[PDB]
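Coordinate inspection notes
What follows is the residue order along each chain.
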Amino acid sequence: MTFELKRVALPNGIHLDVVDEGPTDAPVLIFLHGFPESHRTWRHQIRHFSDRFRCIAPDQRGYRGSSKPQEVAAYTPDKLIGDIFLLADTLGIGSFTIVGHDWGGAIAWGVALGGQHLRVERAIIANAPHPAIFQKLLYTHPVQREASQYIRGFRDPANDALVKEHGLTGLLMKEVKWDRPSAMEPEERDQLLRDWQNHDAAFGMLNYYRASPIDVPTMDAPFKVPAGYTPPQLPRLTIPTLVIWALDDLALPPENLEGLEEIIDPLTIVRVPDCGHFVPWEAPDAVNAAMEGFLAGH
């Protein structure tokens, strides 16, 4: 399966290749993939909703044919969040629902929190931790700290020799702490294996972790918030928000949902039992069902 991509030049000097399907003046859903995927992550939802919604899905910075600057700092969270507002600007989209999975969901939380009521009318987040919650969990909760040890591997510049020899695939093969995808259609797998052979993309994709200010301690460090840690002041999220959470995601255990109710209103949580990390395509019918109910005009 293939979507037509268009190249969108942005005023920060980046271009993004993007899916743009559906009626031009329909309500907009902007879909953000995570690592190590592509605009294809939300394929099932894009095809499901593009009869009624304008569906935008970029290959984000660092991915596939989009700009792949090699410097780590080109991937700081502000830049990744900024790319989405600039993409909406360039396409003439005043307000949209932001939809994100994994890194796309982390970016989506930022987009929603910053842009709510001005640019962002609803948020849909699937298996991506909330920035008010995640850093604290890494400090306090062994389940989460253990779950996130792969990030330390992805950050280790001693692994770059392996990426240069074997593409991203070599590091994914080597990094046993990384939670691997479940069974996917052969055509989808083939595309990713081809994508992962591009050196510049492999590093751009890894740079999300390398540029992130998130602190993932070793399992040796005390399970307490450091004395000098100041929790970023965030606003509450006061746009309609759907959080979808596959319960067998080994990277992002369900503890990530604790505390969401206090900081989001109106919040809907849809737990997906017996499903791993890649929920948009591992459980597309549950995801489509959740989105249908949530997006309904009543």
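Residues numbered from 1 in each chain as written, not as in the entry; some residues may be left out. Heavy atoms only, no water.

Method of structure determination, per the deposited record: X-ray crystallography was used for this entry, reaching 1.60 Å resolution.

1. Thoughts on the environment of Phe31
Structurally, the position occupied by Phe31 is in strand 3 (residues 28-32). Dropping the residues within four chain positions of it, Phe31 is found in contact with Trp42, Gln45, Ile46, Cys55, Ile56, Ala57, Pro58, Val99 and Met291. (Helix = DSSP H or I, 4+ residues; strand = E, 2+ residues; numbered from the N terminus. Contact = heavy atoms within 4.5 Å.)

2. Focus: the pattern of salt bridges
Under the criterion given, the structure shown has 12 salt bridges. Residue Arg52 pairs with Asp51 through a salt bridge whose shortest N-O separation is 2.9 Å. We classify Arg52 as partly exposed; its relative accessible area is 35%. Judged by its relative accessible area of 55%, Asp51 falls in the exposed class. Between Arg52 and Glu292 there is a salt bridge, and its shortest N-O distance comes to 2.9 Å. Here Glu292 lies in helix 12 (residues 284-295) and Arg52 lies in the loop between helix 1 (43-49) and strand 4 (54-59), a separation of 240 residues in the sequence. The class for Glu292 is partly exposed, based on a relative accessible area of 29%. Three or more residues joined by partner-sharing salt bridges are found here, namely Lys6, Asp20 and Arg54. (Salt bridge = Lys/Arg side-chain N within 4 Å of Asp/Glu carboxyl O. Buried < 20%, exposed > 50% of the residue type's maximum accessible area, 1.4 Å probe, protein only.)

3. Brief notes about the nonpolar core
One finds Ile30, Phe35, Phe96, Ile98 and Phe154 to be the most contacted residues of the largest nonpolar core, which totals 68 residues. When residues of this core are assigned to their parent elements, the largest contribution, 8 residues, is made by helix 9 (residues 199-211). Setting aside residues no more than four positions away along its own chain, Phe154 makes contact with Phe35, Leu171, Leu172, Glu175, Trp178, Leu206, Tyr209 and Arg210. (Core = buried A, V, L, I, M, F, W, Y, C linked by side-chain atoms within 4.5 Å.)

4. Quick notes on the sheet that holds strand 5 (residues 96-101)
The strand order across the open sheet formed by 8 strands is 1-2-4-3-5-6-7-8, and the pairing between neighbours is mixed. Edge positions in the sheet fall to strand 1 (5-9) and strand 8 (267-272), since each of these pairs with one other strand and no more. Each adjacent strand pair in this sheet contributes to an overall mean axis angle of 20 degrees, direction not counted. Where strand 1 meets strand 2 (residues 15-21), 5 bridges bridge the pair, whose relative direction is antiparallel. The residue of strand 2 that forms the bridge with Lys6 is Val18. Across the sheet, helix 2 (residues 77-90) is in contact with strand 1, strand 2, strand 3, strand 4, strand 5 and strand 6 (120-126); its angle to strand 5 comes to roughly 140 degrees. Packing against the sheet, helix 3 (residues 103-115) makes contact with strand 3, strand 5, strand 6 and strand 7 (241-246), and its axis sits at approximately 150 degrees to strand 5. (Pairing = 2+ DSSP bridges. Axes fitted to C-alpha atoms, helices over the stretch in contact; angles between N-to-C directions.)

5. Topic: helix 12
In this model helix 12 runs 16 Å from its N-terminal to its C-terminal C-alpha over 12 residues, within 8% of the 16 Å that 1.5 Å per residue would give. Residues of helix 12 that are buried: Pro284, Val287, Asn288, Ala290, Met291, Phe294 and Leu295. Around the axis of helix 12, the buried residues are gathered within 160 degrees of arc, so they sit on the same side. Those residues of helix 12 hidden inside the fold are in contact with strand 3, helix 1, strand 6, strand 7, strand 8 and helix 11 (279-282). (Expected span 1.5 Å × (residues − 1). Arc of directions from axis to C-beta.)

6. Describing helix 2
Its 14 residues give helix 2 an end-to-end C-alpha distance of 20 Å, which sits within 8% of 20 Å, the value for a rise of 1.5 Å per residue. Where helix 2 is concerned, the buried positions are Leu80, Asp83, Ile84, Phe85, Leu87 and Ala88.

7. With respect to the side chain of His277
Mapped onto the elements, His277 comes out in the loop between strand 8 and helix 11. Beyond its immediate sequence surroundings of up to four residues, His277 is in contact with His101, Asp102, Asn127, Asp179, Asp249 and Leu252.

8. Describing the packing of helix 7 (residues 160-174) against helix 9
Across the interface, helix 7 lies against helix 9 with an axial gap of 9 Å and an inter-helix angle of 85 degrees. The orientation of helix 7 relative to helix 9 falls into the category roughly perpendicular. Contact with helix 7, carried on its side by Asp160, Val163, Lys164, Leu168 and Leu171, involves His199, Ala202, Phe203, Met205, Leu206 and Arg210 of helix 9 and no other residues of that element. Classifying every residue of the contact of helix 7 with helix 9 gives 7 nonpolar, 1 polar and 3 charged. (Parallel < 35°, antiparallel > 145°, perpendicular 65-115°, else oblique. Nonpolar A, V, L, I, M, F, W, Y, C, P; charged D, E, K, R; others polar.)

9. A closer look at the side chain of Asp195
Within the secondary structure, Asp195 is located in helix 8 (residues 186-195). In contact with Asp195, other than residues within four places in its own chain, are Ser38, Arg64 and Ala201.

10. A closer look at the pairing of strand 3
With 5 of 5 residues buried, strand 3 is to be regarded as a mostly interior element. Side chains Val28, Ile30 and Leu32 project from strand 3 onto one buried face, and the interleaved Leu29 and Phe31 project onto a second face that is buried too. One ladder, built from 3 bridges, connects strand 3 with strand 4; its direction is parallel. Bridging from a neighbouring strand, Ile30 pairs with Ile56 of strand 4. Taken together, strand 3, helix 1 and strand 4 form a β-α-β motif whose crossover is right-handed. (Right-handed = clockwise from strand over helix to strand, strands pointing away.)

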